[PDB]
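Heads up: the sequence lines are chains A, B, C, D and E, in that order.
Numbering-wise (my numbering), the first sequence opens with residue 1 and increments by one.
Numbering-wise (my numbering), the second sequence opens with residue 152 and increments by one.
Numbering-wise (my numbering), the third sequence opens with residue 301 and increments by one.
Numbering-wise (my numbering), the fourth sequence opens with residue 428 and increments by one.
Numbering-wise (my numbering), the fifth sequence opens with residue 477 and increments by one.
By construction, the Cβ of each residue, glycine as well, lies at the ideal position given by its N, Cα and C atoms.
Report on one structure; see the data block that follows.
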Amino acid sequence: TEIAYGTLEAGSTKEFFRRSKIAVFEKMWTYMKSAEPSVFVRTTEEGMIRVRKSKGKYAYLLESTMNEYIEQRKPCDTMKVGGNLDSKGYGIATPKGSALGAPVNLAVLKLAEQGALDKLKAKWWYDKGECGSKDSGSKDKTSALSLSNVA
Amino acid sequence: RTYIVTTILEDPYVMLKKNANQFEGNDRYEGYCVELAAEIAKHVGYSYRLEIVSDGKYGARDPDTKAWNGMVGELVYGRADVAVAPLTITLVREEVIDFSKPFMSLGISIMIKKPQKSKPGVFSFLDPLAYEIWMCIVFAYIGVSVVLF
Amino acid sequence: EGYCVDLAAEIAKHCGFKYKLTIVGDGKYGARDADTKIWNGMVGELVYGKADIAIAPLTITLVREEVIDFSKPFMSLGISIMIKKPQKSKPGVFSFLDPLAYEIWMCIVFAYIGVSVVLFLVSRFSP
Amino acid sequence: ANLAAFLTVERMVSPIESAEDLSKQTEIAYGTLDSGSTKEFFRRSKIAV
Amino acid sequence: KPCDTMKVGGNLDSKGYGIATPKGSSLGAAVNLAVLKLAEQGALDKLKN
Ligand SMILES: O=c1[nH]c2cc(C(F)(F)F)c(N3CCOCC3)cc2n(CP(=O)(O)O)c1=O
Ligand SMILES: O=c1[nH]c2cc(C(F)(F)F)c(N3CCOCC3)cc2n(CP(=O)(O)O)c1=O
């Protein structure tokens with residue numbers, strides 16, 4: 001209960017946590033609905049201010065793609081943990097009664113099977129970002145003791 | 152024929168170019184969905200036109216007026232042809248417009264402050280007792296030496 | 301009994317129709333031969349009319365869209381890595397210099413030699 | 428103090444964490460099934476890793 | 477059993493299983509609406525747990 005956590009004030013995330021059936025997430029929504037003060041923020045940057053000005057005392061819940069994008073931006077001071085909480089996904093939209101939606105879906109399956117979508121992901125998430133490599137194991141597995149005491 | 156593609160300014164999907172005043176046409180923007188629609192137009196073979204939504208809304212049905220807004224309402228009232236944007240596939244949106252298979256699944260994660268290895272040097276040595284008991288220890292040391300002498 | 305049984309029960313609850321839990325004959329998922337161009341398994345049952353609907357973990361591919369249709373995925377997944385659980389292994393001879401350091405012991409020995417040189421310089425230079 | 432710290436918790440850790448850990452070393456091997464769409468995925472890949 | 481293995485790392489690709497139906501079937505759109513209804517109500521996550 002020490003490190004607080006919040007979501008956005010308006011959106012489908014609040015509808016997901018509000019209409020949840022799991023008692024753990026129900027207790028989460030009860031705590032976030034009865035917190036003092038309010039853990040909800042108006043914008044994404046307001047949540048970034050609320051996280052970065054807490055020094056590890058506050059967390060923000062968001063989409064995994066947005067979290068991985070912010071993790072690959074400056075000042076490279078965020079990280080994403082845990083698995084996905086819901087089976088959400090984006091697809092190409094078309095109106096009902098259009099003759100193009102099924103060839104569009106064929107093109108989507110063709111780009112998924114050829115692996116070009118993962119190439120675009122590696123281009124616009126790993127290469128475009130201003131952070132280091134995907135392996136953050138630089139002195140992240142310190143086995144025995146920091147040498148600064150010895151120094 | 153021609154086709155209208157609508158989207159919204161979102162990072163890193165639709166980003167403003169640096170020479171946006173010096174560019175023209177559909178190449179004024181850049182990002183993920185731009186190259187996505189380029190690959191779609193390559194594998195299908197049609198001409199498109201990139202459009203920006205006006206209200207800045209994704210899609211929502213006001214239950215008082217029974218009206219959709221944003222790109223969903225643009226697709227319903229025929230303002231656009233194909234919306235290429237990260238629009239959340241919900242139950243209420245399937246009944247008005249169709250959707251393709253999801254290309255990039257996602258979920259809800261936890262963002263933390265990501266603490267680093269902030270371990271100082273000499274100041275970490277005199278941690279475990281105090282920074283003031285040691286002075287009393289030295290004072291009692293020199294006092295007992297005075298007693299011995 | 302299992303996951304897909306309750307899944308079909310929820311489909312019949314939220315759609316209202318009778319079902320018939322049948323078993324595929326060959327025990328295959330689906331494959332198209334390069335010569336005969338004939339699908340087998342549940343794919344062949346759906347193409348050649350031997351089945352009505354398939355509620356099973358079948359991989360949605362482009363070559364299967366060309367003959368039948370598919371709904372949206374209910375559970376996303378990916379390619380994973382299977383390793384065993386890391387238990388306690390015998391550490392052995394490396395246990396002696398295991399705690400507090402791997403390289404600082406050499407600095408301790410070098411400072412030991414240096415303090416010995418200082419002690420010899422002080423003790424054996426007084427006359 | 429540090430030897431008591433080692434003998435207190437006994438938190439065993441995993442040597443392999445990410446997918447790049449397989450390319451980072453060569454002592455511990457890894458494999459897939461001899462036939463299937465997994466081999467078609469890893470065969471027709473474009474990523475150098 | 478014997479609870480002797482563990483899985484690490486994220487997913488490597490975008491895989492997903494869905495309900496299959498033949499082409500030209502009238503039930504595909506209500507089946508897809510039922511899939512979306514079971515997804516939004518979180519009963520699929522309950523069956524996953
Ligand atoms: O259809 C919707 N599609 C959405 C798509 C995205 C994005 F990830 F950018 F694609 C986002 N964001 C994630 C968080 O940071 C701000 C933008 C919000 C969306 N919302 C609002 P929700 O109701 O809170 O989900 C929708 O309604
Ligand atoms: O359509 C396919 N659907 C499949 C579904 C599954 C399962 F996960 F059980 F649903 C599996 N397995 C994965 C590991 O445990 C053993 C069986 C294999 C499938 N394969 C063979 P692939 O070509 O190697 O993927 C298909 O072809």
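{"Query": "Per-residue contacts from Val507 of chain E into chain D (C-beta, under 7 Å)", "Result": "The premise fails here: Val507 of chain E is roughly 25 Å from chain D at the closest Cβ pair, so nothing lies under 7 Å."}
{"Query": "Beta-carbon spacing of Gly327 of chain C, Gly344 of chain C below 9 Å", "Result": "no"}
{"Query": "is_contact[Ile404 of chain C, chain A] using C-beta, thresh 9 Å", "Result": "yes"}
{"Query": "C-beta contact flag for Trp125 of chain A and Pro237 of chain B at 9 Å", "Result": "no"}
{"Query": "Where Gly82 of chain A meets chain B, residues with beta-carbon distance less than 8 Å", "Result": "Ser260 and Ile261"}
{"Query": "Under 9 Å between C-beta atoms of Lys385 of chain C and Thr497 of chain E", "Result": "no"}
{"Query": "Near ligand 1: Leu8 of chain A beta-carbon under 8 Å from a heavy atom", "Result": "yes"}
{"Query": "Contact test: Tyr31 of chain A Cβ vs ligand 2 heavy atom, cutoff 8 Å", "Result": "no"}
{"Query": "Closest residue to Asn149 of chain A among B:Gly272, B:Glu190 and B:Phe254 (Cα-Cα distance)", "Result": "B:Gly272"}
{"Query": "Contact belief for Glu245 of chain B with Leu509 of chain E at Cβ below 8 Å, rounded distance in angstroms", "Result": "6 Å"}
{"Query": "Contact list for the segment 370-399 of chain C against chain D, Cβ threshold 8 Å", "Result": "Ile379, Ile381, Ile383, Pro386, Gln387, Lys388, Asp398 and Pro399"}
{"Query": "C-beta contact flag for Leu8 of chain A and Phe40 of chain A at 9 Å", "Result": "yes"}
{"Query": "Endpoints, beta strand (DSSP E) assigned at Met286 of chain B", "Result": "Here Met286 of chain B belongs to no beta strand (DSSP E); instead the alpha helix (DSSP H) covers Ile284 to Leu299."}
{"Query": "Reference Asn67 of chain A, options A:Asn105, A:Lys57, A:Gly47 and A:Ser54, closest by Cα", "Result": "A:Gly47"}
{"Query": "Where the beta strand (DSSP E) through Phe250 of chain B begins and ends", "Result": "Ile248 to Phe250"}
{"Query": "9 Å Cβ cutoff met for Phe374 of chain C and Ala515 of chain E", "Result": "yes"}
{"Query": "heavy atom of ligand 1 below 8 Å from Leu160 of chain B C-beta", "Result": "no"}
{"Query": "Expected contact under 8 Å - CB spacing of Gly485 of chain E and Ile381 of chain C to nearest Å", "Result": "5 Å"}
{"Query": "C-alpha distance - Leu419 of chain C paired with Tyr412 of chain C, whole-angstrom precision", "Result": "10 Å"}
{"Query": "Segments assigned alpha helix (DSSP H), at least 4 residues, entirely inside the segment 19-45 of chain A", "Result": "23-33"}
{"Query": "Three-state class that DSSP yields for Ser464 of chain D in the structure shown", "Result": "helix"}
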